[PDB]
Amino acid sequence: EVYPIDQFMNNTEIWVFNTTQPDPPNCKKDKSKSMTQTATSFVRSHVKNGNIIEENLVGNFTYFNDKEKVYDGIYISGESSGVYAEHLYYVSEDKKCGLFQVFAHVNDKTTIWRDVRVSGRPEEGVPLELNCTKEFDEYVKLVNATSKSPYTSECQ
């Protein structure tokens, strides 16, 4: 069914825990700032050559699903990795794990990938909901993609 991306993104820190993005930078995370009824303002952060880069972005809520009552996606203008749309298509029962379809365009090159994102700092001995990670693993096998985790406990 459909999970409110506006609720998932209303968390202090959302980390990219696993991704099929090719060669992803380390320590990818979003930090919420504020939301209106129709858009969220947030800081998208990652590390490049030891430097923390922070982009102040606006995600405009929209609908991938048919019934158009629950926001499940955002449009993004000017994102530095070329991501123009993100579709939240699954969230765990405990609301800590979310699966994303990511649509990107840079330099006459248009790509898609998928993420497991975690609504908080992952722990040492607390695994994510099994259906969440397994559904992602099913996709990774189906498209024969390579998956990587941008996260380490050393991430600021």
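Residue numbers run from 1 along the displayed sequence.
Visitor: State which stretch shows the higher mean Cα B factor in the entry: 17-25 or 133-141.
Guide: According to the entry, 133-141 carries the higher average C-alpha B-factor.
Visitor: Report the stretch with the higher mean CA temperature factor, choosing between 117-125 and 94-102 on the basis of the entry.
Guide: Stretch with the higher mean C-alpha B-factor: 117-125.
Visitor: Given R44, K33, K67, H87, identify the residue with the highest C-alpha B factor in the PDB entry.
Guide: Reading the PDB entry, the winner on C-alpha B-factor is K67.
Visitor: Tell me, lowest, middle or highest third: where does the Cα B factor of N107 rank within its chain?
Guide: Highest third of the chain for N107's C-alpha B-factor.
Visitor: Would you check the entry's CA temperature factor for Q37 and let me know if it's in the chain's lowest, middle or highest third?
Guide: It falls in the middle third of the chain.
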